[PDB]
Structures are given as structure tokens and as C-alpha cells.
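1. I need the structure of the sequence given here:
(chains A, B, C, D, E, F, G, H, I, J, K, L and M)
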Amino acid sequence: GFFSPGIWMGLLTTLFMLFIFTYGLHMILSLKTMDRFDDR
Amino acid sequence: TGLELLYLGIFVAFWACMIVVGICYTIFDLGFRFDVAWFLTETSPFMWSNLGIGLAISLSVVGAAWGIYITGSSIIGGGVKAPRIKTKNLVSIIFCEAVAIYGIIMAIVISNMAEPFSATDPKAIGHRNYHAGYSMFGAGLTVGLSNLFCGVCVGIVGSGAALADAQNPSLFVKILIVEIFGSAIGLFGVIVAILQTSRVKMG
Amino acid sequence: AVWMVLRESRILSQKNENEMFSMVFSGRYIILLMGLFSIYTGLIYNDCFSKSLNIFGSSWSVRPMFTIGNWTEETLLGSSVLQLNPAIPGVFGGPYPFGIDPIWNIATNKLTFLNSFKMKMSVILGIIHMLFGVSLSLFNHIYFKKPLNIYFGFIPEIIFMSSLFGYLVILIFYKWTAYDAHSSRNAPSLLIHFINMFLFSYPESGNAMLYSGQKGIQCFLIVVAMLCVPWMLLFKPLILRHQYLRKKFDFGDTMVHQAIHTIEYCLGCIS
Amino acid sequence: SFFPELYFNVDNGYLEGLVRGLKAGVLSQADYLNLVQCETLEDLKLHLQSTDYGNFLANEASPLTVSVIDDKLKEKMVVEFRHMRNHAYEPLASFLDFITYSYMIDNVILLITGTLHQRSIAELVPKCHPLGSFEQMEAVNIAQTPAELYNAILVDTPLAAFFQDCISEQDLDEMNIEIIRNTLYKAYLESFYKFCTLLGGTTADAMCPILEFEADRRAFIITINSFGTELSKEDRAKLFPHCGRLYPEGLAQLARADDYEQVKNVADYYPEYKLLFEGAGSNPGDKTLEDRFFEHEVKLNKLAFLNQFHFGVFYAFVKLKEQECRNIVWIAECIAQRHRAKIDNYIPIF
Amino acid sequence: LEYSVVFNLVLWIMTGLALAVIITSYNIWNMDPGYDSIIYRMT
Amino acid sequence: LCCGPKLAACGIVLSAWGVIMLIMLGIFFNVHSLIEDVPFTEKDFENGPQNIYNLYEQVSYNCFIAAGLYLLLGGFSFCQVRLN
Amino acid sequence: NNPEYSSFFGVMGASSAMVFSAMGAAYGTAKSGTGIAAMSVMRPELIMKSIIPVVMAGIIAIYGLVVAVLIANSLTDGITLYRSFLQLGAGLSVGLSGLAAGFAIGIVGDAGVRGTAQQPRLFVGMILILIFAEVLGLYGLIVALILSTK
Amino acid sequence: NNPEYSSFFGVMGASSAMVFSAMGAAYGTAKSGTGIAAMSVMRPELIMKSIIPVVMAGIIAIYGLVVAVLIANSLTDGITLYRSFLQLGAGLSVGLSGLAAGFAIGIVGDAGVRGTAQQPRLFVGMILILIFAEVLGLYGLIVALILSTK
Amino acid sequence: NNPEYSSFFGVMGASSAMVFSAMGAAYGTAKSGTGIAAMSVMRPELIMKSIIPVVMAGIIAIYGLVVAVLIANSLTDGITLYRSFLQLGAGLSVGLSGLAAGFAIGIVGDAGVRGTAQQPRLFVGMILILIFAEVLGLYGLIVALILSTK
Amino acid sequence: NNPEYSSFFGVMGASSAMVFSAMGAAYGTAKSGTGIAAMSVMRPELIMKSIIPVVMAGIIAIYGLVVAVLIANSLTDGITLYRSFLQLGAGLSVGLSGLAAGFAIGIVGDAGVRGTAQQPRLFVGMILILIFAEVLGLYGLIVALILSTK
Amino acid sequence: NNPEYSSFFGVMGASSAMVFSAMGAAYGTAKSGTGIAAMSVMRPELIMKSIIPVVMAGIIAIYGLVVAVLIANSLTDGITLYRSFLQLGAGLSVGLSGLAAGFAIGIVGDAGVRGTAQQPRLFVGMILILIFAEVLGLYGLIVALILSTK
Amino acid sequence: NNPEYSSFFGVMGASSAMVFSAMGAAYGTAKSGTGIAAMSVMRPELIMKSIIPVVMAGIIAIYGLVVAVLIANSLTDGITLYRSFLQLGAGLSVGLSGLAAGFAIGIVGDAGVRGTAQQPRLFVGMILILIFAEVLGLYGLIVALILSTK
Amino acid sequence: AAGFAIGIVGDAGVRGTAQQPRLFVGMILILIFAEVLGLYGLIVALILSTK
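-> Numbers count the residues shown, from 1 in each chain, chains lettered A, B, ... in the order given. Coordinates below:
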């Protein structure tokens, strides 16, 4: 067979972590800094 | 849209491959090699249960937290000209905390049911354990997502309430009614999650 | 349409700001005929709100004889089945006097009997109208004294269309009268022979032929249709060039115009 | 769609609350009435102190004039705008830049003309509208050389992309300055409109109607004003933006029109405009066509604050504040000249 | 024998590597030169 | 009530069409007591031809009843057009 | 006998019903609340009338509750599988249909409130439209109930 | 004699028919309601005519309800599989076709309602386009009805 | 000796023929209606002769209906699979081909009607262009008809 | 007797608990530092107070450190799987919860810093809102801890 | 008795720790250097203080270098797999945690360094915040060290 | 006794070490070169100093070249698999770490050269920042060497 | 990777060179570096393909 119980379950838990990581990293990448400061 | 394009391309390729593989298994008349029962039965009920528990708590926090930032920014911003806002409109964040609580209580009641099996061959073993396992997953998922979207709703509404109240203090009380409906949405998810695990057993 | 005509004097002698009514009114005499012919064809189609018109002339089958033909208490099994009425049982047959026998309006397989008719009929009628339209061009080319448009145009054009498409129409009628249910198994397929005709595909077996010698006919007609193309394709510009040098004419542009006519004509005939 | 109401408040949450809080401070009808019931500039000051306005004429010259009130009103809103513009992130800042572009365009028209008629940049800059800013050099110390200003614009000035229509300097010398500025503004409208449609959520639906209105308004007014001047019908059409409701069909008729009546006949096909031309009684002692357009534009900018998750609130804010200034100055001017019967020509901004 | 292991490994290893290359290649392919300094004048 | 003569006129035409079709349908039911073959037979169907004849007469009656309603409607709508 | 895993699909049904209905109600509610707050700044007198869209959304939430509860109470271990598929279908049918309905509730209520703020005569019209969205959700409930008891 | 899970394909049909039809009607309803709310401010007298796209949408929803129920009533455990695929096909055919119809209703209503306000003569043309969309929805129902009894 | 699942391929063909063809017609209808509505503001007298793109879009949907009926009537239990693949190809061929035609009819119709508004002479040209788009649908039907009888 | 791979799920929990919590705190830190840098220019006297969101972000990171260490010290070779999934749940539970809480910290703090500088009366409200986020994070810890003994 | 291919996970750990930490430091370095290049042109006297963000980024890279080496020196052929899962966890824990810290370093560095030139009193605030980012990275190292020897 | 396919990993390592590091150096080279061209027009006097980032990027590519060759000269048919995994890890370690360094090099070079054009005092600070990117690349090389010889 | 390097630097280099003739030498050097980067690939392939 292509997959075992072990491999398959491992894939499922990996995906949950990838989904959370992807969300977290996505929000981290979408972070900007200021072009200029308001005043002295 | 560079990231959205990446996400879509993966999404399409993911399912496109499943379509080709699935139809091929049919076309080449494979002996039920793609066995869903096998996938569901070999996967330990412990995995399903603990996933639902983590989701129930984690998704509910995501919702609450989502709403927290929605109304937090609106409240803080508006307050620059209307400092009165903090007197009443902070209740929206109390609503979000209540949304988070929903998931916490449910998650604990579910986790309290977790037991060892000392089981091996699923054949005629743990028949009830599989039912209870899947149920725990579902109930956890049910309440988690329900609280997730509840928290977002109440956040969006609370923002509008703060923006309205900033300009007219008479509007807050009437508008608050909408946030109460939002909270009910989360509670409904709780009711079902309770029912789904109301009659489960381990061992 | 009758209403509009009966009120014609009142509709004209008033204001009609609604352009939708004005349009159909202007075409009211067109619509009148549309209805009258729609009645004629609807009666032959024998469909009036999905209802047939039974004139007590429906003799397609004699159900009493169905039971005679080795169907004893079939209505017991029938409780879960339909059972198709056989052809050539020796007791069924005979055309309906006018239109489709009403019996088909209550059949579960009308979706093959009636759909087959309409497909084949549509082809027959379309091709005939096409041939008529071409025939009219002969009168116009004669009126304007353009011998070239008939010696190099009409003649190969009408042969092209007739040899390919009129042949098909003949075969459709041929099968209807040539083959009965007695040969329904491995009955010739008109579409397959038509396609194999053009492709010069003549398998030894797998498809029954409509008539002996058909292979020779199929090849002949396609070759002639292809030989018709040079006539319409190149003979007019070539002879015009000759007439130029003999009499003493944009030869290149003329070839373009004639080539476009030929290409569009032949491909359009198919489409 | 689900495009707004989710990521919007992450960066723009603060500003959205702030800008609507600022809107809350706009003069109401009750406040304008208190300002009208003055007939004295000093009393006007006192009544202004009742609102978010006031105490800004303090420490100024003892004699109070209209020109001072005008400058101060602009200054106040410029600071508020720049404050929000500076505390902002690219997703919104680019939108806000378009708003500033409208003012920069006018300012660069001032930089040319003067450069073309040997005037020093230092003499021109003091009369530029705020928000142009132009902190960059090369546009400065051009040595009254048109080529140096032309290169400085292409390189440092954000409007460089728009000047692609008017190029090679030849255009600067041979084209009328007004055709040059109308051409550049058209380029602005076309890019800005498309930008709003790229942000194809609430902003597009709340914002585009206003931009489409401006495009159609300018097409109408230009056609009318162009009647009595020297301008080819084709060159006039060249200035008609394509971001509006007249573009499919309508501009062709205005381009051919040679009369006010023909322009109205076009409006007759668009009830949203027909009502404005009918309302513009244009009597010798009534409101005119420009006045009705201003009333409509404000209506639209007020409706912008019916959506809580878009960029159109910031655009509307600026326009509403500018009209607020126009209203206040009009009152100050009517007092100074004592034309009390014409005081009720301000545009209510709620 | 152990197909499921070699299969699982090779698929996901080459998938991760291939995607890293695709994304990295895209980012360079679409490198933003700034379209300033000299580009405005050459345009 | 007027209700608008444009709407009364529609009812008159629909009512006339209805009576014509419904009466003809009831006749066909009585004559072929049939192509439609939808008299709502029982599932416990016996060898009793009289049972389907009875159903067909019932359906025919129902068609004439419905026609009577259109006959009444046509009268009402007609008078509305006359007074309108 | 009763096969294993058969209850899996029924559990997904009970979850799907509630989750998708909550999605619809949550979107429709947030959209209505946004529009309501936007209106009340301009004029508070219409606030009470503008609440109905929010109740409309909540009904979508109930639609999901009725089936999710019906299934959740019906779920056991010894399920004949056929019944589990019926439960799965009932869950999806009401949830996804209610979701679509709740979306319409959101869009129509939000636009309706802004329109009504400008035109009070819009009140009846927008409510009538909301009725169709509620009917769309009900249709979901109807099919789901028929399947779950089949 | 019958295989297991044979009802799986059929039950998805009953759900799919209702869900896709609700999605179509909901889309058309939401888009139409947006146009109605925006238009009615300027032309309130049209409020009772601009509602029609919304009714059109509800028809698509009924189309779906009818097939989904018919499948449910014919949905059994001892299905011959052949029949099950037919039920799924009937469900998908009407649902997805109604979804396409709902899209057209949505776009045509949105543009049509505003276009009518600027041009009362457009009303009849708008209706005809809507009738074409209703015919598009019917086509799916027709095929589903043929399959469900085949 | 008949392979299981053979009927799945078959019924999916009949469905696809209808679904994709309806999608094509729906797209062309939606775009045509949008252009017509906008056109009607200036040139209402052209509304009636501007429906053509919409009618043509419809026949694309019919072409799909025709094949779907032919397959649905041809479906049986003991399908030899070969026939099923011919039905599947016939379904996809007409559906996807008509879908492509739907885009051409829609896009061309929009541009044609809007242009006609200013240049009434474009009418014959609009028709010539649209005919070719209809032909695309016809070609798809032709192949589907050949396959279903092969 | 120990299912192989049983240790895989356990260690994954410890990893998630730390990584996701660090991501959350880092997100909040980045937003807070950005807002502080902009604020402090005009009112440097507020720099010290403005750090609070960042310290708070840091709590979200500790929350994760506590679980990640608790799990790591609870790993063995002969893990009975049951225990491993309990540890995995604890890891995921605190991870996502801390991540969401860190986002709320960052987003709210960013706005709060600007709001306070403009109106110091908002300082307390800023703290109260962020205090909820810190509780949200504690919640995550509490459940993650509870699972360790079940 | 030892599982085959067991070394794979530990090897991926050693590399992952180095790569992700370099990714974090690289991002923080690039953003900090950008702020330095943009800032110090106006105030070069700060050029020797704005470098700190960059040095701190390097710490995250070392964090990773130390663990990656510790893991590599812990690998053999006959690994009991258990140890490999521990090595993978330690690798990812420090790598991904340092990665998150790198973003905090980079974003805060840019905002802080440019802000400092505008307001020199910000220097202390910038360092404190960046110190918190270093603390966030260290937490990952702590867990990685606990796992790598467990 | 050697696992078949085992050589696959080591071969991919030798390639990855070169391919990813080449992309990194390519980014740095391309990004820096663009800034150089802009600088030189304003002032060509720095053209012989602004090249430094470019050669630095090349060193990163060499880092990868060294490992790729070391792995390639360490490939065999009768590979013990363990060594093959180490070679794969080493290839990724140096390649991906050099890749991160390449971006670090490119971004700071472009900003540094453009800034230095305006402020010559930036040169010294620029060099140090480039040094950090080179060190980041070296760290990957170090681990890759440790793994490949382990 | 080398191809991308060549294209990006060529565009900026050629455009700049017209603006600044002194850029020619620097452009060539940068182009040379990209070509050297490409060669590295060839070197590994020759060593590896012959192993």
C-alpha cells in the first residue's frame, strides 16, 4: 500500500500544525512599518 | 495578491490531484484500495478526541481574540474625541470573553471523558470507543467553530456600536441588543456539543 | 393575431407609445401565418399541452393480440416492469393516417422514437431549402448575363451540395422503406455510412451496407464533389486572365475573391 | 463581500475610529445658524469657540480679517489630515496619496508657468497649497530652467506617471497651461478610479460613485463653459474622463454640443443629473448649476460614512471639511461686506 | 517492501523542495527594481 | 371596485380559455373512460374496469366545477370593464 | 450486524448543520449590525425597525439547531449506516442552505438599512425580500427533517 | 444482492439539489436586494416592481426543493446502485443548473433594476431576460425529472 | 460482465452536458442583460432588437438539454462501459464547448449592443460575429451526437 | 505493546506550544514596537508606559514555554499513545490560543499607544482590553495543564 | 530491533534549526540595515548605535547554529527513532521560534532606528523592546536544549 | 544490504546545495546591481566601492559549490543510507541558509549603495552589515560540513 | 538563477550606461559575476554526471 496507519496519522497531525503555522506566519508577513513620522 | 494566488494554486492542485487519482482508481477497477473505513478505523479514537478538544478551546480563543482586536481598535480610536466610550462600550470585550468561556467549559467537560483503552485490533474492539471518539471530535469541532464565528460577529457589531456611541450617547443601549443575538449564536453551538457527547462512554 | 387584426382600425387610430406592442402589431400578419402553420405542424406532431389527439384511428398495435403472442399474465411481472411492444410480431403495424400515432405520447421511449424523427426531418428540410436557395442564384446570374457564374460557379456548386447532402437525404428515406424490424439487429447506421463515405472507409465487416455497389457510389460522389472545387476555385480567374491577354483585370485580387467564395461556400455548406 | 470586516481593523482600526470622531466635529445646521446670527467678525470668533473650532485666531493681529480666517481653517484640517496620513500604512497611504495628488497637480501647474515665465521657485513655493509639500530637491533650484523642472518631476515627483500624456517639454510650451492641467487631472482620475476598483470591496462601491460623479460633473460643466471660448470640439473631448456614466454614451453628445440646451438634453437621459439641472434655476437671485453639484457631492460624501470598513470615509472626510471651510469663509465674507441676504448660501454638511 | 515509507518520503521531500524553488524563483523573477532614479527618464 | 380595466381584461381572456380547455378535458375524460391516464388509481388495483370509469367521471365533474368558477369570474371581470 | 465507524457520518451531519447555520447567522448578523449602527448615527428613530434582519439571521441559527439537536439525540454507536448517511445529508442540507440564506439576510439587511435611512418607504420592501431568504433557510430545514426521519 | 454504502451517492443528490439551488437563489436575492435598496431611494414607486428578480430567485429554490424531496421519498437502503447514481445525477443536474440560473438572475436584476430607474421602458426587456433565466433553471429540472424516474 | 461504476461515468455525462451548457448560457445572459440595461438609458428603441444575444445564449443551454436527454434515455443498469465512456465524452464535449460559446456570445453581445447604440450599422456585424460563437456550440453538439450513437 | 509513532504526536505538542506562542508574542511585539516608535517622537515621556503591551506579549510567550517544557519533561520512549495525544492536545490548545491572544495584544496595543498619546484618559481602557487578551492566553494554559493528568 | 530510516528526522532537525534561524536573522538583518541606510544618512552620528538590531539578529542565528551542531553531533546510524523525534522537535523549536523572533527584531529595528533619529530618547525604548525579541528567541533555545538531551 | 532508492537523497543534496545558494547569490547580485546603476549616474566615483556586495553574493554561491562537490565526491551505489540522509541535510542546510544570506546581501547592498551615494559616511556601516550576511551564510556552511562528514 | 541575474543587471546596467558612460566597466564586472555563478552549475554537473 501507499500509506500506513502511522504515516497517515502523522500526515493529519502535520496538516493541523501547518494550517496554524500558515495562518500565524501570514499575519506576521503582513506587517508594515511607517513611511514617515508625524512631527518633531 | 501574491499570497492569495499561491494559496489558490495549491488548493486547486490539491483537489485536482485527488480528482485524477480518485477517478483513476475507479477507471482501473481497483479493489477498493481507497478504503475510507480503513482510514477512519485505523486512526486512533484518541487522535480524534484530542483534536476536537484542542479545537474547542483553541478556535474559541481565536474568535474571542478576533473580536477583541476588532472592537479594541475602534474603541481606542473613537475615544480620542469621546473618552466616555470606555464607560459602556467595554462590554463588547466582556461579550468576547464570554464567547471564549463557552469553548472552555465545553472543552473541559469533553476532556473529562478521556480514558485509556489498552486496545489493539479494532475488530470487535472499542465499538463504543469509536462512537464516543468521533462524537468528542464532532462536539469539540461544533462548539469551536460556532464560538469562532460568534466572536467575530460580536466584534464587528461592537465596533459599530462604539462608532455610533462616540457620536450619540443615546444609541448605545438600543444597539447593544444586536451583540446579545451574536452571543446566542455561540451558545447554540454549545447546546449541540453538549448533546453530541451527552451519551458517550470510554471503556 | 386575430385580435390585433379585428382591432386594426382602432389600434392605428390611437397613440401606441409601447414599442413592444407596436412591433408585434406591425408583424401581426406574420404572426397570423405563424399560428396557422403552427396548428398544422402541431397536429402532425400530435401534441396539445403534451396531449395527443386520438381519433380512434390508432391501430399501431392490437393489445389483445399482444397477449396472444406468448404473453400470458405478463401483468403480474408487469407490476415492476414496462415491456416494449415488439415490431413485426405478425399482428402489429400500419402507419397512422396523419401525424404520429397517438400511442407514442404515452410511451417511456418516445425519447428515441420521436427524437429520431425530428433529427432526421430537420436535416431533410434544411438541405432542401439550401438547394432551393442555390437554385435561385441561377436566375440572378442569368439575368445579369454572367456566363462564368454558371459555367464555373452554379454547376459545380449545386453538384457539390447535391452529391454530398442530397445523397444523405435519399439514404434516409431509403432505409425507412428498405429495412424492417427483420433486420433491426446490425441494421445499417446512416451516420456511420455518411462519415465513412467522406473518409473512403470501407471496412470488410462491422457495418451492414444499405445496398450492393454502395461502395462504388460512395467513392464516386466524394471524388466528384472534390473535382467540383477546381471549377469554382480557379476556372473563373484563369479564364478572365486569358480574356485580358486575348482582348488586348486584377488577376491576383480576383483569385482572392473567388478563393474566399469557394472556401466559405464549401465549409459553410457543412456548417 | 467578506473582503472587509476582517483584516481592515488590524491596521486601519485606529484611524477609522479617529476619522469618524473627527467627522462628529463638523458644524451642524444648529451651529451654522449660531454663526450666521453674528453680523460681526469678532462675534463670529466667539461663536466658533463653541465648537471644535476656535482659539486659533488667538495671538493674531488685533484686526480680524477674512483672509486670516481662510488660511487658518485650511491649516487646521491640513494638520488633521497629515496626522492621519502620517500614522498610516501602505494599504491606506497609497489611497490617501491620490487625495494629495489632486492638490499636488495644482501646485506643479504653479511651478510651471512661473518657470516658463522666468520666476524663481522660492517665489512660487509660498503660494503652493499644503499637502503638495515637495520636500524633495531637484524641483528646487531648477535655475528657472523648464528642462530641470521637467526632469525633477519625472524623477522625484509622484505625479510623474501622469505626465506621460504631456511630455518632451514641447507640450509644456505649446499647450495652453489649462489644457495641460486638465489633461494631467484626467490621468489622475483614470488611475485613481482604477485603483479604487482594484480594491474591489466596500471601498469600490462606496468610493467609485463619488469619482464617477466628479467625472460626469466636469464633463457637463466643461462643455458649457467651453462654448464661448476657442477650443476644438475634439480637444474638448480629449479632456472628458472615461470613468463615469456618460462614457458608454453621452460624452459623444456633449462633445458635439454647442449649446446649453443640448447639454441639458444629455442630462435628461440621467435622472440623477436631470434633477440638478432643473434645480439649478439660475435666476437673477437664485442658486446656480455649480451650487447644485456641490450639494450633490456633499450628499454622497455623507453617505460614505454609512460604511464602517472602507477607505472612502477618508476621501469623503477631506471633501466635507473643505466644504466646511468654504461655508465658514462665505459667512465671514458676507459679514465683512455686510451682505446678510446672501448668507444662506452655505452647503449643509450635517 | 516498505513502499509506503519511500513513497511518503520522496513525495513530500521533493514537494517541499520544488515549492521552495518555485517561490524563490518567483520572488526573483518578480524582483522590483524600484522603477526610479533613471527609469522615469528612460521611460 | 375598478381594480384597473387592464387587469380585468386579462382575467376575462384567461377565464374564457379556462372554460374552453376545462370543458373539453371533462369531455375527453367521459369519452375515453385515455391518453392522460392519470385518474389517481389505487395501488391495490383489481381487475375491475368499472373502477377507472368511476374515477374518470369524477375528474370530469371537477373540470366542470373549475370551469364554473371561471364562468363566475368572467362575469365579474366583464362588468368591471364595462363600468371602467 | 451494525458495522463500525457508521456513526462517523452522522456525527459530521450534526456538526455540519450547526456550524454552517452559525456561519450564515453570524455573517448576516454582523452585516445587519454594521448597517444599523451606520444608520442610527444619522437618525435613531429607525433603529427598532432595522432590528428584524438580525432576528432573521438568528432564525438561520435555529434552523441549524433543530436538525443538529435532532441528529445529536438520534446518534448511537449501533447505527445501520443508512441512517448515518441520512443524518449526514440532513446536516449538510440545512446547514449549507441556511448559510446561503443567512448570507442573503446579511447583504439584503445591510443594503436595506442604508436605503431605508435615505428612504423610509423602503421598510416594507426590504422585509419582503428578507422573507424569501428565510423561506430559503426553511426549505433547507424541510429537506433535512425529511431525510433525518427517513 | 446490493452493495454497501449504495445510498451514499443518492443522499448526496437530495442534499446537493437543495443546497446549490439555495446558493443560486441566495446569490440572486442578495444582488437584487442590493440594487433594490439603492434604487428605491430615488424611485420609490418602483419598489413593488424591482422585487420581481427576488421572486425569480425563489423559483430556482423551489426547483431544488421539489427534486430534493422526490429523491428523499425515493431514497432507500436497499438501493440497486444504478438507481442511486441516477438520483445523484438528478440532484446535481437541477442544483448546479439552478445555481447557474441564480447567477444570471443576480447580475441581470442588479443591472436591470438600476437601468429601469433611469429608463422605465427597460422594464419589459428586464422581465424577458429574467424569463430566459427561469427557462434556464427549468432545463435542469426537466433533466432531473427524466433521470429520477428512469 | 458489466463493470460497476460504469453507470457513474454515464450519468455524470448527462449531468455535465446540462450543467456546463447552463453555465455558458447564464454567463452570456448575464453579460448581455447588463449591456442592454445600460444601453436602454440613451436608446430605448433598440431594446427589442438587442435581445438576440440572450436568445442565442439560450439555445446553447438547449444543445446541452438535448444531449442530456439522449444520454438519460440511454442509461441502463447493464451498461457495457464502452457506451458509458461515449456518453461521458458526449456530455463533456457539448457542455464544455457550449460553455466556451457562452463566453463569446456574452462578451460579443455586450460590446455589440453598446456599439449599436452609437452605430446602428453595427447590427449586421454584431450578428455575423455572434453566429460564429453559436457555431462553436453547434460543433460541440455535433460531436456529442456522433459519440452517443457510436 | 506501545503503538509505534506514539512518541511523534507528543513531541509535536511541545514544539507547537512554543512555536505558536512565540509567533503570537512576536506579532504583538512587532505591532507594539511600531506604534511606540511613531508615538514616542511627539511624547517621549510616554515611552516607559508604552512598553506594557510588549511585556504582555511576552506573557503569551511564557504561557507557551510552560506547556512546552511540561510536555518535554513528560516524554518517554515507551509512550502508550493515549498519553501522547493528551500532550498533543495540550500543545495545540495553548499554541493557537496564545497565537490568537498575541494578535489581540499587538493590534489593540498599537491603537492604544496612539490613542493614549492623543488622549491620556484612554490609558486605563487600553490596559483593560489587553488584560482580557492576557486572560484569553491564561485560559489556553489552564486547559493545556488540565489535559496533562487526564 | 531499531526502526529503519530512523535517522531521517534527526538530520532534518539539525538542518532546520540552522535554516530557520538564518531565515529569521536574515529578515531582521535586511530590515534593520534598510532602516540604518535610510536613517543614518541624515544623522551619521547614530550609525554605530543602530547596528545593534543587526547584531541581535545574529544572536538568533547563533541560537540556531548551536542547536544544529548539538543535534548533528548527537546523530548515529542505529538510532532508536525516539531520539530522532526528540532531535527534530529540538531543531524545529529553536528554528521556528528564532524565525518569529527575527521578524520582531527586523520590524522593531526598522521602526526604532528611524524613530530614534527623530527622537533620540527612543533609544532606550528600542533596546528594551528588541531585548524582549531576544528573550522570545531564547525561549525556543531553552526548550530545544531540554528536548535534545531528553 | 543497501536500501534501494537510498542514493536518491544524497544526489538531491548535491544539487540542492548549488541550486538554492545560486538563487540566493543571484538575488543579491541582481538587487545590488540595480542600485549600483542608479548610484553611478548620480556619481560614478563610488563605482569601484559599490561592487563589494556583488562579490560577497558570489562567495555565498561558492559556499554551496563547495558542499555540492563534497557531497558529489561522496556518493556511491552501495550507500549505507545514513550517510545519504546526512548528505541531503547538508545540502539543504547550506543551500537554504545561503539562500537567506543572499536576500540579506541583496537588500542591504541596494539600500547601502543608494544611501552611500548621498552620505559617504555610510560606507563603513554598510560594510559591517554586509559582514553579518556573509557570517549568516558561513553558519550554514559550517553545519553542512559537520553533517556531510558525520 | 544565473539567467535571472543576467536579465536584471543587464536592464539596469544598459539603461544606466546611457545615463553614465562610466558604468560600462562596472556593468561588465557584474555581468561577469552572474556568468561565473552560472558556470558553477556546469562545474557540478560535469563532476556529478561523470561520477
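
2. do you know how far the residue nearest the centre of chain G is from chain K?
-> Nearest residue to the geometric centre of chain G (Cα atoms, centre = their mean): residue G:60, 2.1 Å. Distance, residue G:60 to chain K, by Cβ to the nearest Cβ, to the nearest Å: 39 Å. Placement of C-beta: from N, CA and C, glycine included.

3. so what secondary structure elements neighbour the lengthiest helix in chain F?
-> In chain F, assigned by DSSP state H, the helix with the most residues is helix F:49-83. Judged by 3 or more Cβ pairs under 8 Å, 6 or more residues apart in numbering or on different chains; DSSP states H and E, helix F:49-83 is in contact with helix F:5-31.

4. so does the helix it packs on get close to chain H?
-> No: using Cβ under 8 Å from any Cβ of the partner chain, helix F:5-31 never reaches chain H; the gap is at least 14.3 Å.

5. and the direction of that helix versus that of helix F:49-83, what angle?
-> On the basis of axes from the mean of the first three to the mean of the last three Cα atoms, to 10 degrees, helix F:5-31 is oriented at 160 degrees to helix F:49-83.

6. one step back: correct me, but the residue nearest to the centre of chain G touches residue G:96?
-> No: using Cβ atoms under 8 Å, residue G:60 makes no contact with residue G:96, being 11.2 Å away.

7. Over to residue F:38: give its phi and psi.
-> Per-residue torsions, residue F:38: phi -130, psi 50 (degrees, to the nearest 10).

8. Can you report how many residues lie near it?
-> 9 (other Cβ atoms under 10 Å in any protein chain shown).

9. With residue G:11 instead?
-> Residue G:11 has 29 nearby residues by other Cβ under 10 Å.

10. Same question for residue G:137.
-> Residue G:137 has 31 nearby residues by other Cβ under 10 Å.

11. in which helix or strand would I find the residue nearest to it when sequence neighbours are not counted?
-> In space, and not counting its chain neighbours, residue G:137 is closest to residue G:101: 3.6 Å by Cβ to Cβ, 6 or more residues apart in numbering or on different chains. Using DSSP states H and E, residue G:101 sits in helix G:82-118.

12. wait, doesn't the residue nearest to residue G:137 sit right on residue G:131?
-> No: with contact defined as Cβ under 8 Å, residue G:101 does not count as touching residue G:131 (11.0 Å).

13. So between those two, which is more surrounded?
-> The neighbour count for residue G:101 versus residue G:131, taken as other Cβ under 10 Å, is higher for residue G:101 (35 against 13).

14. Contacts only, for the more buried one.
-> Contact analysis of residue G:101 by Cβ atoms under 8 Å, 6 or more residues apart in numbering or on different chains lists G:24, G:60, G:63, G:133, G:134, G:136, G:137, G:140, H:22, H:26.

15. so which of these comes closest to chain E?
-> When the contacts of residue G:101 are compared for distance to chain E (Cβ to the nearest Cβ), residue G:24 wins out at 35.0 Å.

16. residues contacting the closest one?
-> Contacts were defined as Cβ under 8 Å, 6+ apart; by that measure residue G:24 touches G:57, G:60, G:61, G:98, G:99, G:100, G:101, G:102, G:103, G:105, G:137.

17. Counting residues, name the longest helix you see in chain B.
-> Ranked by residue count and defined by DSSP H, the top helix of chain B is helix B:127-167.

18. Can you name the residues that contact whichever residue of the stretch 251-350 of chain D sits closest to chain E?
-> Closest approach between the stretch 251-350 of chain D and chain E, counting by Cβ to the nearest Cβ: residue D:311, at 23.4 Å. Counting by Cβ under 8 Å, 6+ apart, residue D:311 touches D:92, D:95, D:196, D:199, D:203, D:207.

19. Need the phi and psi values for the closest residue to residue B:136 other than its chain neighbours.
-> Nearest non-adjacent residue to residue B:136, counting by Cβ to Cβ, 6+ apart: residue B:49, 4.2 Å away. Backbone torsions of residue B:49, given as degrees, to the nearest 10, read phi -60, psi -50.

20. one step back: among the contacts of residue G:101, which two are most distant?
-> Using Cβ to Cβ, the pair of the contacts of residue G:101 lying farthest apart is G:63 and H:26, separated by 13.5 Å.

21. can you list the residues of the stretch 51-200 of chain D near chain B?
-> Counting by Cβ under 8 Å from any Cβ, no residue of the stretch 51-200 of chain D is near chain B.

22. Please, where are all the helices along the stretch 51-200 of chain D?
-> D:66-86, D:90-114, D:121-124, D:146-155, D:170-174, D:177-198 (DSSP state H, counting those that start in this stretch).

23. Excluding chain neighbours, give the residue nearest to the residue most central in space within chain B in space.
-> Nearest to the geometric centre of chain B sits residue B:145, at 2.0 Å (Cα atoms, centre = their mean). In space, and not counting its chain neighbours, residue B:145 is closest to residue G:19: 4.7 Å by Cβ to Cβ, 6+ apart.

24. Same question for residue C:53.
-> Using Cβ to Cβ, 6+ apart, the closest residue to residue C:53 is residue C:46 (5.8 Å).

25. Quick check: phi and psi at the one you found.
-> phi 60, psi 50.

26. Check which residues of the longest helix of chain F are buried.
-> If you call a residue buried by 16 or more other Cβ atoms under 10 Å in any protein chain shown, then helix F:49-83 has these buried ones: F:52, F:55-56, F:59-60, F:63, F:66-67, F:70, F:73-74, F:77, F:80-81.

27. so what's residue G:85 up against?
-> So residue G:85 contacts G:9, H:5, H:7, H:8, H:11 (Cβ under 8 Å, 6+ apart).

28. correction: residue B:157
-> Counting by Cβ under 8 Å, 6+ apart, residue B:157 has contacts B:92, B:175, B:178, B:179, B:182, G:29, G:30, G:33, G:34, G:37.

29. same thing with residue D:191?
-> Residue D:191 neighbours (Cβ under 8 Å, 6+ apart): D:98, D:161, D:162.

30. Pretty sure residue B:78 sits against residue B:85.
-> Yes: using Cβ under 8 Å, residue B:78 is in contact with residue B:85, at 5.5 Å.

31. give me every residue that touches the closest residue to residue B:54 other than its chain neighbours.
-> Closest residue to residue B:54 apart from its sequence neighbours, by Cβ to Cβ, 6+ apart: residue J:92 at 3.9 Å. Listed by Cβ under 8 Å, 6+ apart, the contact partners of residue J:92 are A:16, A:17, A:20, B:51, B:54, B:58, J:13, J:16, J:17.

32. give me the number of residues near the fifth one?
-> The reference is to residue B:54. Counted with other Cβ under 10 Å, residue B:54 comes out at 32.

33. Can you say which helix or strand has it in it?
-> Going by DSSP H and E, residue B:54 is in helix B:45-78.
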